[PDB]
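Engineer: Below: one structure in structure tokens.
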Amino acid sequence: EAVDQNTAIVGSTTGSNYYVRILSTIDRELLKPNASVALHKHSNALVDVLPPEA
Amino acid sequence: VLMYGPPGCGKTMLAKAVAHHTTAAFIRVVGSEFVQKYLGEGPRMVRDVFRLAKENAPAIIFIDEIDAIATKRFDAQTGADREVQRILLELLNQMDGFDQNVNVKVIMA
Amino acid sequence: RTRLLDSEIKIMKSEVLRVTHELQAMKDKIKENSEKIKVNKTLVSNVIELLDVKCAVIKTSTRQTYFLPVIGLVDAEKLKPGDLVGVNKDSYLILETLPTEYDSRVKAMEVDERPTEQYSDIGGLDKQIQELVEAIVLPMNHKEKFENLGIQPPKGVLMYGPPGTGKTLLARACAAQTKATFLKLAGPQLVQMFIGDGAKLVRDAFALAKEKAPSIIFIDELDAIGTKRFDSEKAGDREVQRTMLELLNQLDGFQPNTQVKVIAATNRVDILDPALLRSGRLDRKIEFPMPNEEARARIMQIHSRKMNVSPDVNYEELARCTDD
Amino acid sequence: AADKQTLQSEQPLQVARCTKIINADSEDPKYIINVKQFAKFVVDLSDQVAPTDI
Amino acid sequence: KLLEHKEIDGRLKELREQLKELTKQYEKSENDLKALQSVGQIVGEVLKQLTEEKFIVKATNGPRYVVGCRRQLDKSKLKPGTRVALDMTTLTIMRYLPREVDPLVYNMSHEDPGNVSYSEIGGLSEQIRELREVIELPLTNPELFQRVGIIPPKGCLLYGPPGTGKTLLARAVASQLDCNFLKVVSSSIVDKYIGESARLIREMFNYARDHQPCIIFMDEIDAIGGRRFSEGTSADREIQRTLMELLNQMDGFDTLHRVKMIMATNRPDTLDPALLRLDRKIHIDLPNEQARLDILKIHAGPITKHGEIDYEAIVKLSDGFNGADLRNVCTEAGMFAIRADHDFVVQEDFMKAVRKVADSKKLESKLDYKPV
Amino acid sequence: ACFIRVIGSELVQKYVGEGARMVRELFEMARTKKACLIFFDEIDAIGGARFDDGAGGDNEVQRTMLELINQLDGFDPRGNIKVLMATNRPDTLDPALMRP
Ligand SMILES: Nc1ncnc2c1ncn2[C@@H]1O[C@H](COP(=O)(O)OP(=O)(O)OP(O)(O)=S)[C@@H](O)[C@H]1O
Ligand SMILES: Nc1ncnc2c1ncn2[C@@H]1O[C@H](COP(=O)(O)OP(=O)(O)OP(O)(O)=S)[C@@H](O)[C@H]1O
């Protein structure tokens, strides 16, 4: 879920969902699905989301 | 569609022949792979199968297992309560009646 | 003798080389072995599998995978795929192997109460004395005598007799007179809801017996779940057959090892399968006849000896006036 | 504040979690332990303890 | 007086061996130091190659990430599914490696004890050649099937009384062909869950697909192969499930090249008809007079006996006995001799063993059930 | 005048050796006093034949019962104490309990 501009609560795959900021240049109409987001390890800063997986 | 191969048959062989002459995004599976321990494993399997299927191309996909899998006998409270529950639930909910543009005409035998 | 000077130079060189080996080995070993001990002292995990293209992976106490191209502080032969090893949490190098491939009550199956008892006590079991000795204490120690002749030692015994002739008494006799590896087995303790128990039990016990060659396995009422096979239409469970056939192809089918000491101290053998007695499982099948007339009185006075008795007791009349 | 600083003075010690025992080895006790649920621990004690009070 | 020469020679050779062993040990010590320095390598799994560098992965026991390879892990063969290793620091792929081997396979692939070749147990005189016509026919060479063309079968099925030689037949073939005998018996696959057995079975199929000349042994398929009734217990439904899965695996989609199966059990009648379609039920036939005496001989070679053993006596003393049976006969002969410790063996002891084994036969009943 | 109730049902505890520790507790509290009574029941629920499963579960019973075997009679026997383990049925016995 997104709260504000380029910032969203995002389910993790490690064990702790987080509410992080994202790279703003990402098209705002692309963060709607629970698709394969990608962030930094510690910062957990969203860089982009990938459609496919698994 | 449906087939059934008894002793001295080759019903499956026909399927593989078509699998040759088919030249699109067809995925092969076996319904036996849907029965594990935790919740909805095979159910979620077939769910994501449907998703990726309607995603890539609504061309073709096929699965091969009917016996002991597509079990109309929902009625025995001895064994496979949640197991047969999720099995036949995935079966029917994925029947969807149909979806009319996906995975055209899986068979089984 | 001009070469004596060059020989002395070479000997001083060999002494310096031995001192350099001493340095590089012991001095550096202070550090290296001390770090190894630290990992051992300051603070148990599983091997995954083996490659040498040496190349092994680590399964942790925390259930985590960790490959290494070189194993290091242990030997791959001392290891195998799936081995418990006390390992460096940090380096992920195996330090030592864990030789605890044993379960809790599968290890408790080795008992050590062992109350003492000889063949003199049991009255009416003379042939029992002879054959029990010959097939228990000799396959325990005189394994070569059969090899001297060159055929085989005996392969399993069948202790049968009605309740009041005794067969577990032979278990107690093998316990007292023979001090080999005590490892019991019985019937009721096989009853389980968790389907598939005796398989791993039998496998691990077989390995442990390979470690413990004088492997006495007295299986009282061994016919309990090792039983004649059935054939019906959904009438009967299967896990009994699972463990039974697993033990069949475990003991039989492979692994020739004279360490076998397997006995059935049950009541009847008519319920046993022809798959359970042929020629290598329970070789001899001798009965426990009812104490005939004065064998009964023998057992009786065995009861009637410690407890203080007025010697005005003729056990003959006693045994006679209660026949069968 | 009857003892509101002694509790701030007891602070120099924070050790000794639950740490249940399992078994022990030979040639040195090497008692085996699990802390709460995490793993098995073939430990070597802090020698300022009794080799049998554990 | 060259005492210095030879004395210093001995001292220097001793010090040479000592310093050599100790410096090699110091080298192995620095090597273990490097092994410490060569940190462990977590094993994760690349979920999919997004691009030639962005490999979308998930830790085999953790979260998912996207990293690259070290330098030369040969992405050519590296595709989603293959097992790789990961960097300690950056999780980057440091080394890909062959897939797992699922321990149980080694339990049915590494226990194989080497033993005698294919001439020990009798009664299978004509079977020895029968077994070879399928047992070395593809093993020796399949190029004959380029002249001819016939597609190789997978195996056959045995039967007979329990442990009476079918076990020993398998042992003999194993210790005789000696290539890839996967000694599986499938006795305790289904513990309490559903697809785990079929899962490991699929793994074994893949493993056999790796190497060409694989050999598959399967005795006591009783509670695994079996027959498919209506819905039985949950366990029964699982068994029939894995049955259909095994039956569907037989045909699969791609020919499993150069692998041969060995189906066996005491009661192969238990198998479902949809499964019993195994070129033929080869049998270990009852050793008769000739065969009984042949095995009886072979059980009595290395005895401290003499030219005394009466052959036809034991022959007519018999009512059907296989290699294991007359092995027990010679054994109980040497035992009733060892009763009072006769290091030699007289055929009298053979007859005493005949007594003991005839007493054992009293514990037999209903000794045959025909399959198919 | 001594009667100490210890029911085998409460003795169904889920801590390893805690059962055996209660064994020593009761056995030595009894030996302090005299003419005692200790009443273990539900040995049907406790067990008489040494059932073993690879479940890794009910083995505190194992150690506890071996400790009991050690501490009941012989090794300072009950004497002026009665520690009673009884059943509804002699159904599942063991060659270790028929001892006089
Ligand atoms: N004419 C044939 N030539 C060669 N192989 C054949 C032939 N017919 C059947 N087969 C074998 O059967 C498989 C393909 O036929 P299928 O249709 O799968 O058989 P089926 O009807 O499923 O019968 P089952 O499953 O064995 S009971 C292949 O793996 C072949 O080895
Ligand atoms: N020769 C004998 N010496 C001692 N006891 C004997 C003898 N013959 C019969 N018995 C009786 O048989 C009992 C021995 O039974 P065991 O086999 O040792 O134990 P068990 O649990 O009764 O096993 P069962 O009933 O025979 S299957 C004793 O209680 C004796 O009274």
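Residues in the structure tokens are numbered from 1 in each chain, the chains being A, B, ... in the order shown, and ligands are numbered from 1 in the order shown.
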Which residues are near residue 68 (chain F)? Cut-off 9 Å, only C-alpha atoms, ignore same chain within fewer than 2 positions. Put them as JSON, numbers by chain.

Structural biologist: {"F": [20, 23, 24, 27, 63, 64, 65, 66, 70, 71, 72, 73]}

Engineer: Any chance you can output those residues with N, CA and C atoms as a PDB file, in the first residue's frame?

Structural biologist:
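In the end it all went to again-v3.pdb:
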```
ATOM      1  N   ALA F  20      11.140 -36.819  36.477  1.00  0.00           N
ATOM      2  CA  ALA F  20      12.120 -37.499  37.317  1.00  0.00           C
ATOM      3  C   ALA F  20      12.497 -36.646  38.521  1.00  0.00           C
ATOM      4  N   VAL F  23      10.029 -37.143  40.895  1.00  0.00           N
ATOM      5  CA  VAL F  23      10.253 -38.476  41.451  1.00  0.00           C
ATOM      6  C   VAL F  23      11.180 -38.392  42.655  1.00  0.00           C
ATOM      7  N   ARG F  24      12.331 -37.738  42.484  1.00  0.00           N
ATOM      8  CA  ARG F  24      13.252 -37.602  43.612  1.00  0.00           C
ATOM      9  C   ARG F  24      12.643 -36.756  44.723  1.00  0.00           C
ATOM     10  N   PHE F  27      10.136 -38.968  46.526  1.00  0.00           N
ATOM     11  CA  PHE F  27      10.795 -40.105  47.151  1.00  0.00           C
ATOM     12  C   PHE F  27      11.595 -39.694  48.373  1.00  0.00           C
ATOM     13  N   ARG F  63      13.008 -41.272  30.952  1.00  0.00           N
ATOM     14  CA  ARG F  63      13.990 -40.956  31.983  1.00  0.00           C
ATOM     15  C   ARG F  63      13.354 -40.967  33.362  1.00  0.00           C
ATOM     16  N   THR F  64      12.144 -40.419  33.472  1.00  0.00           N
ATOM     17  CA  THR F  64      11.445 -40.374  34.748  1.00  0.00           C
ATOM     18  C   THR F  64      11.203 -41.770  35.299  1.00  0.00           C
ATOM     19  N   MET F  65      10.809 -42.708  34.438  1.00  0.00           N
ATOM     20  CA  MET F  65      10.482 -44.049  34.902  1.00  0.00           C
ATOM     21  C   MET F  65      11.734 -44.853  35.199  1.00  0.00           C
ATOM     22  N   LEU F  66      12.824 -44.607  34.474  1.00  0.00           N
ATOM     23  CA  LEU F  66      14.076 -45.249  34.859  1.00  0.00           C
ATOM     24  C   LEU F  66      14.571 -44.713  36.197  1.00  0.00           C
ATOM     25  N   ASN F  70      15.022 -46.704  39.703  1.00  0.00           N
ATOM     26  CA  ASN F  70      16.209 -46.567  40.539  1.00  0.00           C
ATOM     27  C   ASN F  70      15.845 -46.248  41.984  1.00  0.00           C
ATOM     28  N   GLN F  71      14.843 -45.396  42.196  1.00  0.00           N
ATOM     29  CA  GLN F  71      14.656 -44.778  43.501  1.00  0.00           C
ATOM     30  C   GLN F  71      13.494 -45.344  44.311  1.00  0.00           C
ATOM     31  N   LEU F  72      12.727 -46.294  43.777  1.00  0.00           N
ATOM     32  CA  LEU F  72      11.550 -46.751  44.515  1.00  0.00           C
ATOM     33  C   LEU F  72      11.904 -47.782  45.581  1.00  0.00           C
ATOM     34  N   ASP F  73      12.394 -48.946  45.159  1.00  0.00           N
ATOM     35  CA  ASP F  73      12.645 -50.066  46.055  1.00  0.00           C
ATOM     36  C   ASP F  73      14.009 -50.645  45.725  1.00  0.00           C
TER      37      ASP F  73
END
```

Engineer: What are the residues of chain B that have an atom within 8 Å of an atom of chain E, counting only C-alpha atoms, as a ChimeraX atom specification?

Structural biologist: /B:6-7,16,30,32-37,65,67-69,78-80

Engineer: Okay, now the selection with N, CA, C and O atoms, as an mmCIF file, in the first residue's frame?

Structural biologist:
```cif
data_model
loop_
_atom_site.group_PDB
_atom_site.id
_atom_site.type_symbol
_atom_site.label_atom_id
_atom_site.label_comp_id
_atom_site.auth_asym_id
_atom_site.auth_seq_id
_atom_site.Cartn_x
_atom_site.Cartn_y
_atom_site.Cartn_z
ATOM 1 N N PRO B 6 -7.141 -47.145 -21.754
ATOM 2 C CA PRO B 6 -7.181 -48.414 -21.030
ATOM 3 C C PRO B 6 -5.975 -49.272 -21.442
ATOM 4 O O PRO B 6 -5.044 -48.741 -22.015
ATOM 5 N N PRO B 7 -5.961 -50.591 -21.150
ATOM 6 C CA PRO B 7 -4.850 -51.454 -21.561
ATOM 7 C C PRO B 7 -4.778 -51.503 -23.096
ATOM 8 O O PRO B 7 -5.820 -51.520 -23.732
ATOM 9 N N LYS B 16 0.793 -36.180 -26.957
ATOM 10 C CA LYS B 16 2.161 -35.756 -27.237
ATOM 11 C C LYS B 16 2.353 -35.448 -28.718
ATOM 12 O O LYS B 16 3.123 -34.550 -29.079
ATOM 13 N N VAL B 30 1.109 -32.225 -14.257
ATOM 14 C CA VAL B 30 0.374 -33.380 -13.760
ATOM 15 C C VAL B 30 -0.349 -32.975 -12.483
ATOM 16 O O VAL B 30 0.249 -32.378 -11.581
ATOM 17 N N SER B 32 -1.180 -34.625 -10.046
ATOM 18 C CA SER B 32 -0.640 -35.249 -8.845
ATOM 19 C C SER B 32 0.229 -34.285 -8.053
ATOM 20 O O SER B 32 0.356 -34.424 -6.833
ATOM 21 N N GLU B 33 0.822 -33.308 -8.714
ATOM 22 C CA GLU B 33 1.729 -32.384 -8.046
ATOM 23 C C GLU B 33 1.009 -31.376 -7.158
ATOM 24 O O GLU B 33 1.634 -30.415 -6.690
ATOM 25 N N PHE B 34 -0.284 -31.548 -6.897
ATOM 26 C CA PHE B 34 -1.064 -30.562 -6.167
ATOM 27 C C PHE B 34 -1.311 -30.951 -4.716
ATOM 28 O O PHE B 34 -2.020 -30.231 -4.006
ATOM 29 N N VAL B 35 -0.746 -32.062 -4.254
ATOM 30 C CA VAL B 35 -1.084 -32.625 -2.952
ATOM 31 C C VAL B 35 0.162 -32.613 -2.072
ATOM 32 O O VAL B 35 1.094 -33.402 -2.275
ATOM 33 N N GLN B 36 0.182 -31.706 -1.100
ATOM 34 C CA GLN B 36 1.315 -31.531 -0.196
ATOM 35 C C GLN B 36 0.742 -31.270 1.196
ATOM 36 O O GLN B 36 -0.438 -31.522 1.461
ATOM 37 N N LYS B 37 1.572 -30.762 2.107
ATOM 38 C CA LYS B 37 1.175 -30.640 3.511
ATOM 39 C C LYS B 37 0.450 -29.329 3.819
ATOM 40 O O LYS B 37 -0.698 -29.346 4.275
ATOM 41 N N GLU B 65 -3.569 -35.417 -15.118
ATOM 42 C CA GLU B 65 -3.959 -36.352 -14.070
ATOM 43 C C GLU B 65 -5.420 -36.143 -13.697
ATOM 44 O O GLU B 65 -5.818 -35.034 -13.332
ATOM 45 N N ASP B 67 -7.513 -39.305 -12.327
ATOM 46 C CA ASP B 67 -7.874 -40.266 -11.296
ATOM 47 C C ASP B 67 -7.284 -39.846 -9.957
ATOM 48 O O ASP B 67 -6.216 -39.232 -9.889
ATOM 49 N N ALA B 68 -8.022 -40.135 -8.888
ATOM 50 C CA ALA B 68 -7.647 -39.801 -7.518
ATOM 51 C C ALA B 68 -7.396 -38.310 -7.328
ATOM 52 O O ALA B 68 -6.925 -37.893 -6.264
ATOM 53 N N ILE B 69 -7.708 -37.496 -8.335
ATOM 54 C CA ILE B 69 -7.520 -36.053 -8.295
ATOM 55 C C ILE B 69 -8.838 -35.324 -8.507
ATOM 56 O O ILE B 69 -9.285 -34.556 -7.649
ATOM 57 N N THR B 78 -13.429 -39.098 6.509
ATOM 58 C CA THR B 78 -12.324 -39.944 6.961
ATOM 59 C C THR B 78 -11.212 -39.781 5.930
ATOM 60 O O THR B 78 -11.190 -40.469 4.905
ATOM 61 N N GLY B 79 -10.295 -38.861 6.203
ATOM 62 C CA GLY B 79 -9.192 -38.622 5.301
ATOM 63 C C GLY B 79 -9.448 -37.504 4.313
ATOM 64 O O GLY B 79 -10.530 -37.420 3.723
ATOM 65 N N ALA B 80 -8.450 -36.640 4.137
ATOM 66 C CA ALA B 80 -8.485 -35.567 3.143
ATOM 67 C C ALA B 80 -9.676 -34.636 3.356
ATOM 68 O O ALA B 80 -10.407 -34.306 2.422
#
```

Engineer: List the spatial neighbours of residue 88 (chain F) as a ChimeraX atom specification - criterion: any atom at most 10 Å away, only C-alpha atoms, same-chain residues fewer than 4 positions off excluded.

Structural biologist: /F:41-44

Engineer: Generate a file of the selected residues that holds N, CA and C atoms, formatted as a PDB file, in the first residue's frame.

Structural biologist:
```
ATOM      1  N   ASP F  41      -1.665 -43.015  39.875  1.00  0.00           N
ATOM      2  CA  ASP F  41      -2.694 -43.714  39.122  1.00  0.00           C
ATOM      3  C   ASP F  41      -2.559 -43.338  37.651  1.00  0.00           C
ATOM      4  N   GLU F  42      -3.525 -43.788  36.850  1.00  0.00           N
ATOM      5  CA  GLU F  42      -3.524 -43.564  35.406  1.00  0.00           C
ATOM      6  C   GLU F  42      -2.236 -44.074  34.775  1.00  0.00           C
ATOM      7  N   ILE F  43      -1.714 -45.179  35.314  1.00  0.00           N
ATOM      8  CA  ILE F  43      -0.596 -45.834  34.655  1.00  0.00           C
ATOM      9  C   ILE F  43      -1.025 -46.382  33.301  1.00  0.00           C
ATOM     10  N   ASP F  44      -2.335 -46.519  33.074  1.00  0.00           N
ATOM     11  CA  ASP F  44      -2.834 -46.671  31.713  1.00  0.00           C
ATOM     12  C   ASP F  44      -2.435 -45.469  30.867  1.00  0.00           C
TER      13      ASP F  44
END
```

Engineer: Kindly work out which residues sit at most 9 Å from ligand 2, using only C-alpha atoms and all ligand atoms, and give the list as a PyMOL selection string.

Structural biologist: (chain C and resi 119+121-125+159-172+220-221+265-268+288-291+295-296+298-300+302-303) or (chain F and resi 93-95)

Engineer: May I have the selected residues written with N, CA, C and O atoms, as a short mmCIF file (atom, residue, chain, number, x, y, z; two decimals), in the first residue's frame?

Structural biologist:
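Full text of again_33.cif as output:
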```cif
data_model
loop_
_atom_site.label_atom_id
_atom_site.label_comp_id
_atom_site.auth_asym_id
_atom_site.auth_seq_id
_atom_site.Cartn_x
_atom_site.Cartn_y
_atom_site.Cartn_z
N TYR C 119 21.67 -71.21 34.17
CA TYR C 119 20.80 -72.30 33.65
C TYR C 119 20.38 -73.24 34.79
O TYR C 119 19.40 -73.98 34.62
N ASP C 121 19.01 -72.46 37.63
CA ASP C 121 17.67 -72.02 38.12
C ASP C 121 16.57 -72.68 37.28
O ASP C 121 15.85 -73.54 37.81
N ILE C 122 16.45 -72.27 36.01
CA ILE C 122 15.41 -72.82 35.09
C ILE C 122 15.48 -74.35 35.11
O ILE C 122 16.50 -74.91 34.66
N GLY C 123 14.43 -75.00 35.62
CA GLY C 123 14.38 -76.47 35.71
C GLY C 123 13.55 -77.08 34.59
O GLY C 123 12.43 -76.58 34.36
N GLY C 124 14.07 -78.11 33.93
CA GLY C 124 13.35 -78.79 32.83
C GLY C 124 13.80 -78.28 31.47
O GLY C 124 13.35 -78.84 30.45
N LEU C 125 14.65 -77.25 31.46
CA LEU C 125 15.16 -76.66 30.19
C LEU C 125 16.63 -77.04 30.00
O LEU C 125 17.48 -76.13 29.95
N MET C 159 12.26 -68.74 20.13
CA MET C 159 11.92 -69.14 21.50
C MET C 159 10.41 -69.23 21.64
O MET C 159 9.74 -68.22 21.86
N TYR C 160 9.86 -70.44 21.48
CA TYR C 160 8.38 -70.61 21.58
C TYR C 160 8.03 -71.56 22.73
O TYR C 160 8.83 -72.45 23.06
N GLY C 161 6.84 -71.35 23.32
CA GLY C 161 6.35 -72.17 24.44
C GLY C 161 5.15 -71.52 25.11
O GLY C 161 5.09 -70.27 25.12
N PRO C 162 4.20 -72.29 25.68
CA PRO C 162 3.02 -71.72 26.34
C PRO C 162 3.37 -70.91 27.57
O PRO C 162 4.36 -71.21 28.21
N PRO C 163 2.56 -69.89 27.94
CA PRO C 163 2.84 -69.06 29.12
C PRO C 163 2.98 -69.94 30.34
O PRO C 163 1.98 -70.30 30.93
N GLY C 164 4.23 -70.25 30.71
CA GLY C 164 4.51 -71.12 31.86
C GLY C 164 5.45 -72.24 31.45
O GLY C 164 5.34 -73.36 31.99
N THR C 165 6.34 -71.91 30.51
CA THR C 165 7.51 -72.70 30.01
C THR C 165 8.64 -71.67 29.82
O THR C 165 9.81 -72.03 30.01
N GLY C 166 8.24 -70.43 29.50
CA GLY C 166 9.09 -69.23 29.43
C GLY C 166 9.98 -69.11 28.21
O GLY C 166 10.64 -70.09 27.82
N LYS C 167 9.98 -67.90 27.63
CA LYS C 167 10.95 -67.64 26.57
C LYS C 167 11.80 -66.41 26.85
O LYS C 167 12.98 -66.40 26.49
N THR C 168 11.23 -65.38 27.48
CA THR C 168 12.04 -64.25 27.92
C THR C 168 13.08 -64.66 28.95
O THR C 168 14.06 -63.93 29.15
N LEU C 169 12.87 -65.79 29.62
CA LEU C 169 13.92 -66.32 30.48
C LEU C 169 15.20 -66.56 29.70
O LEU C 169 16.30 -66.39 30.24
N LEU C 170 15.09 -66.94 28.42
CA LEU C 170 16.28 -67.05 27.59
C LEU C 170 16.90 -65.69 27.32
O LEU C 170 18.12 -65.58 27.22
N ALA C 171 16.08 -64.64 27.22
CA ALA C 171 16.62 -63.29 27.12
C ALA C 171 17.43 -62.95 28.36
O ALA C 171 18.55 -62.44 28.27
N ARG C 172 16.88 -63.23 29.54
CA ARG C 172 17.61 -62.95 30.78
C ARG C 172 18.87 -63.81 30.89
O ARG C 172 19.88 -63.36 31.44
N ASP C 220 11.36 -60.18 21.87
CA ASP C 220 10.31 -60.96 22.49
C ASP C 220 9.02 -60.80 21.70
O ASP C 220 8.71 -59.71 21.20
N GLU C 221 8.26 -61.89 21.59
CA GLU C 221 7.08 -62.00 20.73
C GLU C 221 7.30 -61.28 19.40
O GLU C 221 6.47 -60.51 18.92
N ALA C 265 10.85 -64.45 21.18
CA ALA C 265 10.37 -65.06 22.44
C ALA C 265 8.85 -64.89 22.53
O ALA C 265 8.36 -64.39 23.56
N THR C 266 8.13 -65.31 21.48
CA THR C 266 6.65 -65.20 21.43
C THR C 266 6.01 -66.48 21.98
O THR C 266 6.75 -67.34 22.49
N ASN C 267 4.68 -66.59 21.89
CA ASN C 267 3.94 -67.77 22.39
C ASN C 267 3.70 -68.76 21.25
O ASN C 267 3.99 -69.96 21.43
N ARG C 268 3.19 -68.27 20.11
CA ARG C 268 2.91 -69.15 18.94
C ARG C 268 3.72 -68.66 17.73
O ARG C 268 4.10 -67.48 17.71
N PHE C 288 9.56 -74.81 23.87
CA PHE C 288 9.60 -74.82 25.33
C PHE C 288 8.55 -75.80 25.83
O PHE C 288 7.41 -75.41 26.10
N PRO C 289 8.89 -77.08 25.98
CA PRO C 289 7.89 -78.05 26.45
C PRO C 289 7.48 -77.74 27.88
O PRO C 289 8.23 -77.14 28.65
N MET C 290 6.26 -78.13 28.22
CA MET C 290 5.80 -77.97 29.58
C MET C 290 6.72 -78.75 30.52
O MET C 290 7.08 -79.89 30.21
N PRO C 291 7.15 -78.16 31.64
CA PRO C 291 7.96 -78.91 32.61
C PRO C 291 7.30 -80.24 32.92
O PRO C 291 6.16 -80.28 33.39
N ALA C 295 10.52 -81.29 36.42
CA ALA C 295 10.99 -79.98 36.00
C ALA C 295 10.15 -78.88 36.64
O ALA C 295 10.67 -77.83 37.04
N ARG C 296 8.84 -79.12 36.73
CA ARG C 296 7.96 -78.21 37.46
C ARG C 296 8.42 -78.04 38.89
O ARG C 296 8.57 -76.92 39.39
N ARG C 298 11.32 -78.58 39.96
CA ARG C 298 12.62 -77.92 39.94
C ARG C 298 12.45 -76.41 39.96
O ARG C 298 13.02 -75.72 40.82
N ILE C 299 11.67 -75.88 39.02
CA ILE C 299 11.33 -74.46 39.04
C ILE C 299 10.75 -74.07 40.40
O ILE C 299 11.08 -73.02 40.96
N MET C 300 9.89 -74.93 40.94
CA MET C 300 9.20 -74.63 42.20
C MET C 300 10.20 -74.44 43.34
O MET C 300 10.12 -73.47 44.09
N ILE C 302 13.30 -73.77 42.97
CA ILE C 302 14.01 -72.54 42.66
C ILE C 302 13.28 -71.35 43.28
O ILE C 302 13.91 -70.42 43.79
N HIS C 303 11.95 -71.38 43.27
CA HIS C 303 11.20 -70.42 44.07
C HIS C 303 11.29 -70.75 45.56
O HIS C 303 11.28 -69.85 46.40
N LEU F 93 1.71 -54.84 31.19
CA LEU F 93 2.70 -55.00 32.25
C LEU F 93 4.11 -54.88 31.66
O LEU F 93 4.30 -54.52 30.49
N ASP F 94 5.11 -55.17 32.49
CA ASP F 94 6.50 -55.17 32.08
C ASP F 94 7.28 -56.11 32.99
O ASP F 94 6.99 -56.18 34.19
N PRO F 95 8.26 -56.84 32.46
CA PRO F 95 9.03 -57.77 33.29
C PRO F 95 9.81 -57.09 34.41
O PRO F 95 10.47 -57.77 35.20
#
```

Engineer: Give me, as a list in words, the contact residues of chain F against chain C at a cut-off of 6 Å, counting only C-alpha atoms.

Structural biologist: residues 50, 51, 52 and 54 of chain F

Engineer: Any chance you can output those residues with N, CA, C and O atoms as a compact mmCIF listing (two decimals), in the first residue's frame?

Structural biologist:
```txt
# COMPACT_ATOMS: atom_id res chain seq x y z
N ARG F 50 7.00 -50.49 27.19
CA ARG F 50 7.86 -49.36 26.86
C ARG F 50 7.69 -48.92 25.41
O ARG F 50 8.61 -49.06 24.60
N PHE F 51 6.51 -48.39 25.09
CA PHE F 51 6.22 -47.91 23.75
C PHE F 51 7.23 -46.86 23.33
O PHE F 51 7.49 -45.90 24.07
N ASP F 52 7.81 -47.03 22.14
CA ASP F 52 8.78 -46.10 21.60
C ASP F 52 8.31 -45.59 20.24
O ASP F 52 7.90 -46.37 19.38
N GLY F 54 9.39 -42.49 17.12
CA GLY F 54 10.36 -41.53 16.65
C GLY F 54 9.82 -40.11 16.67
O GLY F 54 10.36 -39.22 16.01
```

Engineer: As a ChimeraX atom specification, please: every residue in region 58-167 of chain C that DSSP puts in alpha helix (DSSP H).

Structural biologist: /C:104-108,126-132,138-141,143-149

Engineer: Rank E:74, E:156, E:191, E:28 by their smallest atom-to-atom distance to chain F, using only C-alpha atoms, and report the top residue only.

Structural biologist: E:191

Engineer: Distance limit 7 Å, atoms considered: only C-alpha atoms. Which chain E residues sit that close to chain A? Return them as an mmCIF file with N, CA, C and O atoms, in the first residue's frame.

Structural biologist:
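Full text of out04.cif as output:
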```cif
data_model
loop_
_atom_site.group_PDB
_atom_site.id
_atom_site.type_symbol
_atom_site.label_atom_id
_atom_site.label_comp_id
_atom_site.auth_asym_id
_atom_site.auth_seq_id
_atom_site.Cartn_x
_atom_site.Cartn_y
_atom_site.Cartn_z
ATOM 1 N N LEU E 47 15.812 -17.468 -9.133
ATOM 2 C CA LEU E 47 14.444 -17.713 -9.570
ATOM 3 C C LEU E 47 14.317 -17.566 -11.078
ATOM 4 O O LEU E 47 13.636 -18.366 -11.729
ATOM 5 N N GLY E 62 15.420 -18.243 2.440
ATOM 6 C CA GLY E 62 15.303 -16.854 2.815
ATOM 7 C C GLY E 62 14.603 -16.011 1.769
ATOM 8 O O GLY E 62 13.933 -16.520 0.868
ATOM 9 N N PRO E 63 14.746 -14.690 1.881
ATOM 10 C CA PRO E 63 14.086 -13.787 0.929
ATOM 11 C C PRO E 63 14.694 -13.820 -0.463
ATOM 12 O O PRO E 63 15.614 -14.597 -0.739
ATOM 13 N N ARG E 64 14.182 -12.968 -1.343
ATOM 14 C CA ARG E 64 14.544 -12.965 -2.750
ATOM 15 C C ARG E 64 15.289 -11.689 -3.116
ATOM 16 O O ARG E 64 15.048 -10.621 -2.547
#
```

Engineer: Could you give me, as a CSV table (one decimal) with C-alpha atoms, in the first residue's frame, the residues within 7 Å of region 23-32 of chain D, counting only C-alpha atoms and dropping anything in the same chain fewer than 3 positions from it?

Structural biologist:
```
chain,number,residue,atom,x,y,z
D,40,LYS,CA,21.4,-27.4,20.4
D,41,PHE,CA,24.5,-26.2,22.1
D,42,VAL,CA,27.3,-28.5,23.2
D,43,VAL,CA,28.8,-25.8,25.5
D,44,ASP,CA,31.8,-25.5,27.7
D,51,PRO,CA,30.9,-29.4,37.0
```
